[PDB]
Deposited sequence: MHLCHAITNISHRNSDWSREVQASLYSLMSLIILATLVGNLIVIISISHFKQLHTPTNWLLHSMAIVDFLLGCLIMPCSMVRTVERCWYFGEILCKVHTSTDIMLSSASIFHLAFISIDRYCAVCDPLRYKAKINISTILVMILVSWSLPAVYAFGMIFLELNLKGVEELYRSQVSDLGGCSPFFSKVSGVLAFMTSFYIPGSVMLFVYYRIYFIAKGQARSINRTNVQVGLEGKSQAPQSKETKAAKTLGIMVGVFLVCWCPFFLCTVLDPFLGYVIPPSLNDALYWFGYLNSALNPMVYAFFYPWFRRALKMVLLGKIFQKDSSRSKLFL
């Protein structure tokens, strides 16, 4: 229906959007710097996520029940968590790269060599993976809220249904730490980038605004709901609209960090 065709659009958009990043960057021997390796890796992560999770998840929400079979479920949701705890981390390390240009600008190249960038890619793909799988594979969403998951007998649907202290921990680490680093950085860049045009006069707001705005509107609603419910009036059907918000964010990530800019456009429009 409306939902079906519409959600397929998003998945395809993600796939075609990111293969572009990866084709342009790997073989051009004009783009061999430390920064691009991040937009490459984010492309990769969003790609994998898109293709495997999205279509499985897309089957699930045009229905009330998961019927794939339960041995599969746990694998699946952990993959969803891992791949996105990856996307948010990627945005934060890009922030540090950008902070480091517009502050210590005499030392930048030395500090951001390809070795640093390598650590930044391994950490991004390691800690999300591990944590998601370890948590959901040792019966650790529910420890104390076991019966409910009533919520999985009749409902039998893969919902990350979190326990009381589960919501606080998961929400905190992935939204609160990655969210805060970003805000500090962009705040300072507003004051410096706008302060300079004082001197040269005798743009910043649009760019920085559009980056932070996207992230927040796409994630704040799903995550706020999540920490709250262990304190359970929320409904099942409405709760779903929030997952898909995260997935939509993933597409627009390529447009915001690798196409708004002229170098990409010119090289791609060769």
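No C-alpha positions are given for the deposited-sequence stretches 1 to 22, 172, 226 to 244, 274 to 275, 315 to 332.
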